[PDB]
Every structure is written in structure tokens, then in C-alpha cells.
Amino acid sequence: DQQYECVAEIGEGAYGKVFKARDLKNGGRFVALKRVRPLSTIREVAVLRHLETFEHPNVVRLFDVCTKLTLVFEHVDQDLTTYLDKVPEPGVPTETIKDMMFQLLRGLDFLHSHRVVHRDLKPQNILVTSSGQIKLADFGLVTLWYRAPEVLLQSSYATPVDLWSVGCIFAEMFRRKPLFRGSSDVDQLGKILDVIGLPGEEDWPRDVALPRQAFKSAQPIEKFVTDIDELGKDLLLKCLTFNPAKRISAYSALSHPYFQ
């Protein structure tokens, strides 16, 4: 659009490239824009232009949709990735991990309550403002490291998909490196079960291509996620529960003694 001007390139990918641009009309503020190169997809934008009306403090603001499209949003300074890349030793402060995780679950509880699933939650799209405020981005239409077991298996794809990704990002917050760094669904699933263990046959998805009988003893987490309290250990384990039905929800997670 002519109401905006491209200065730099934020990110590239299959979904299309997003750019940092100057919103000349609105006091030359920095805005993030992404193009698109038509009936059941009308909903996607109707849910976002609606989600917008609640202006949740932990989700990127949308500014406009122009025409073949141009999507303008709020520009955030950096992501969680480059945030972790610059934090001095011995990593992120206990309280900084606990705070940023709250803002993450709030934005997740907001999206879930409004029947929205992120589906691709990674540090690359968990943005962080100058003030240090978490903003969820890259939703309302690679790296399997954050993919949930059931997505990998191709069974369910419901809201517990993001609670796995959050336990993966919660670990990476301490560790400062991906917990499960697989290279294929089968490799990912593997590396996952090498840590959490083989779940009971009762929790394995009934009727899927990959059987339980194709993989492991449960390993303690304090080994892989170094200096984490028994409370954070309790929360992250509930986040990383094989059975999506047993996996904690952002709403019960927002309650947990870890934030008390």
C-alpha cells in the first residue's frame, strides 16, 4: 500500500515474507506488513478483526487490511530468539522466566477462550518489546522442535498443541537451547519419548500410522532443565504430558503455585 513504506526484511518462510515498514501517515511509526499472493477463509480474518476488539496486552495489534493483500500490524523490537541470544550468563533471571511465562499463558488463555489455536508456537514468533512485554504473533493464516506429539502422530490438533510448545519454550528459557531438537516427525517423537518416557498403551492414540511398539524409560527433568524448582518442574511436566487430554490448559496453568 502507499500509506506505508518497506525499509528492512523481518522474516522469510513458506507462509510469505514479513517486512519492517514506516507508517508515514501515522507519524512514521514502525509497522510490520505481510502480503498474500475465498469463502471459508473469510472467517480467519473475521476472528482476528474480532480478537482485535479485546486488545489483549499479550497479542500483536492489527492496524489494517488492504488489496492479493497487505496485512499491517504493530512492529515489535525483537523476538524471544534474539532476546535469548543477547542475555548475559548464567542466562535469564528466575523471575524474568516466571514473568515472561505468565504473559505467554495469558495470551494463550486469551486465544483458546476465543476458539483460536496458535499451531506454530516458537521463540521465533514470541515477540518482546523494549519494556520486556510478551506479544504472541504469526497466527490467522521447517522446525518440529516445538511440535506436540499428537500433531507429529497426526491424530488430534486441538488447543493442547500450544501447551506442549509452551513447555518446550519454558525449558529453552532456562537451558537457552531447544530441549527436543529432532529432524523429522519420527526423529522428534523419538527425542521426546527419550526424555518423558514411553507413555502407557492407554494414552497412545487409537488408530494412527506410528505404533507405541516402534520406540524408552522415563528420564528425570532436573537433568535436562538444570536449575528449576519443584514447582516449575511440576508445571513444565504438566505442560509436557503425552496425552493432550491430560495436558494442562493455559487457564489452570495461569493458576498453578509457580506464579503465587
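For the two forms, the rigid core is made up of the largest set of C-alpha atoms that agree within 1.5 Å on superposition. When you see a residue number, it is the position in the sequence shown, counting from 1.
Rigid core fits of the other structures in 9 other deposited structures of this protein place the C-alpha atoms of one stretch farther away on average; of 225-233 and 24-32, that stretch is 24-32. Comparing the two stretches 68-76 and 171-179 by root mean square C-alpha distance in 9 other deposited structures of this protein, with all structures fitted on the core, the more displaced one is 68-76.
Residue-level annotation: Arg61 has coordinates in all of the other entries compared, counting only those that model residues on either side of it, so it never reaches the one-third mark. Across the other compared structures of the same protein with both neighbouring residues present, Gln219 carries coordinates in every case, with no third of them leaving it out. Going from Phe215 to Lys216, the model skips 1 to 3 deposited residues, which lack coordinates.
In the deposited entry, the stretch joining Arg206 to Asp207 is continuous, with no residue of the deposited sequence left without coordinates.
Taking the PDB entry as given, 87-95 carries the higher mean Cα B factor of the two stretches 181-189 and 87-95. Stretches 43-51 and 221-229 differ in mean CA B factor, with 221-229 having the higher one.
Going by the entry's values, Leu71 shows the largest Cα B-factor out of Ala158, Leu71, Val151, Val128. When the CA B factors of the chain's modelled residues are split into thirds, the value for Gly200 lands in the highest one.
In the PDB entry, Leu108 places in the lowest third of its chain by CA B-factor. For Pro38, the recorded CA B-factor ranks within the highest third of the chain. Only modelled residues enter the ranking.
Split the chain's modelled residues into thirds by C-alpha temperature factor. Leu141 is in the highest one. Split the chain's modelled residues into thirds by C-alpha temperature factor. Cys66 is in the highest one.
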